Structure formats: C-alpha cells, structure tokens
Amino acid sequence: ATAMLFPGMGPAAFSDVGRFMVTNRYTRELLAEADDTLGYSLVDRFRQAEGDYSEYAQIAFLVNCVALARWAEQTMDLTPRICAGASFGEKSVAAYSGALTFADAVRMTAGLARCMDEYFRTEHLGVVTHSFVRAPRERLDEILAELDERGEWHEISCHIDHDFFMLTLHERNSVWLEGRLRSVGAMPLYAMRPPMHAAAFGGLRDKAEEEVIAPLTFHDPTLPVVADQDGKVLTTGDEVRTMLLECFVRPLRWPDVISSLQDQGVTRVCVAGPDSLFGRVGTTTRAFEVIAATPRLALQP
C-alpha cells in the first residue's frame, strides 16, 4: 500500500526548478490556472525575486509539489490509499486531496504569506525557531530545564525523530543554545525566521482564520489525509480546515504521522517535490520504501 507525502519548504533557487516549471506539462497547466487566479505571471515574479522564501517562491513550491504528485501518479502508476503534508505541505495536500480547488489553494497560500509578513513585522520580535539533530530527548530536557532556571521562554515546535527537534525562543539565547547543543554532541542546523508552531501564536491563527481561511470552501478529500499535528486520519473538509489552522499553534509531530501511516497499511511512500527533510529523515526511511518525486527525477527520459 502507497501514500502521497507533501514536504515542507526548504532552501533552493529559481535556477534549481526553472527548467522544470517551464518544460513539464503538469506544471504548465497549473501555472496557467495560478496566473489567471493571482492576476500576474507567477513564473515572472518568482524569476526576479530577491529572497529564498518570497511569496512568489511559496506559491511556486505549491505548484511544483502538486504537479510532481500528479506526475508520479501517471508516470509510475501509483494508486495511493492515503496522503499527508508536513508544515507548508499541509497546503499542498489540501489541493492534491481535493479539499480545495487548486485556485483556492493558490489564493490561500498567497494570503497566508502576506498575513505572516504583516504579523511578524511587529509581533514576537526576535523570536526564532532552531532546528537541531543528534539530540536525544534526555539531553534536550537538561537544556530546557537550564532555560526554565533562567526564566527564559521557549516552546518545542517540532518532533522530527527521536534525536531531532525544533525549539522556538528568543534569539538572545541562540548563540548559547548552539554552543550548549554542541557541548553534548548535538548539531545545530538552522535558525528560522519567522518562527512557527507555538501556542503563543494564537493571535496569528485568528488572523489567518478571519483574513484568509474563512472565505474559502473546503470539500471532503477524495482520500483521507493524515494530520501532521498528531497522526489523526482526516476525512472531511472541516478537519482539513482545522489542521491548516492548528498548524500555527500546535507542534508538528512527524513520528505520529509515520505511525498512522504504518497503522493504515502503508508499505511505501512517494514524496512530491523538492525535499531537504521529511522524505530523508530516519523516521520516514526506517518505516518505508521512498520514492522521491523531485524536479531532477521528472527531467530524466
């Protein structure tokens, strides 16, 4: 039994994906619908973007991810039982699964991108989300207790693997956190701005509900979707609406998604899109055979 997985966003540039987007017929179809929905040339604004994670980059990733899933289905004759999306990917699965029309998912993605930028212009300034590895829970607790001791606010924002976690907190503690991680053999990966996945962001959650998600029409998916907050198999439009909202304030629990999938009979997984993380981490590897449906793969003969 097979599942369709949609990954989180990661580091890349237009050079990595540009030939794919302009050459693959799935993506061309989807770009046409995206342009007609936004009122501009997505490829053109993505092409000239001055960032790693602009609005335009985010919508392009949506499109690439969905087209690669449609691409893997036809190319490799996959017949998925169930699907799942991590972090950014929640938006990808919504569209793949049929919970939203592609056009609403483009609107959605675009709206939330503006909305995150407004929000974090003034709110929780200096807060950052740190990723790290080679950190068993035992060691992480010691660090957190040392943080509690100094009265410094924090929140675990993601559980990736037994020894792989994301922690959100003020950047004042970053250098110390990094140094202290390394002291016990843990390796810092990245320090992400804006931050993501914390109870203290219920304010952002409300604003995405009112300004962006509420006007949209959700449909039950054509296959069930495993929530990345806790492994819940979802089956209605309203459960997919909720996951996209809870995402701002509930931590991502990737070992729970792997659990359900295994429990629902899944032997194999196709990861749709460019992928620095969820298709490669041990949590996914040890459980399943992985097909990596990346722009590189879709440009072989």
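The first residue of the sequence shown is number 1, and the count goes up from there.
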**Q.** Per the entry, higher mean C-alpha B factor between 145-153 and 188-196
**A.** 145-153
Q.
When the Cα temperature factors in the entry are averaged, is it 131-139 or 87-95 that ends up higher?
A. 131-139
**Q.** Options 211, 178, 104, 228 - largest CA temperature factor per the record
**A.** 211
Q | Top residue by Cα temperature factor, when 58, 48, 41, 64 are compared in the entry | A | 48
Q) Ranked by Cα temperature factor within the chain, is residue 35 in the lowest third, the middle third or the highest third? A) lowest
Q. Hey, what third does residue 242 fall into on Cα B-factor, ranked over its chain?
A. lowest
Q) For residue 109, does the deposited CA B-factor place it in the lowest, middle or highest third of the chain? A) lowest
Q.
Based on the deposited C-alpha B factors for this chain, I'd like to know if residue 261 is in the lowest, middle or highest third.
A. highest
Q: Check where residue 268 lands among this chain's C-alpha B-factors and tell me if it's the lowest, middle or highest third.
A: highest
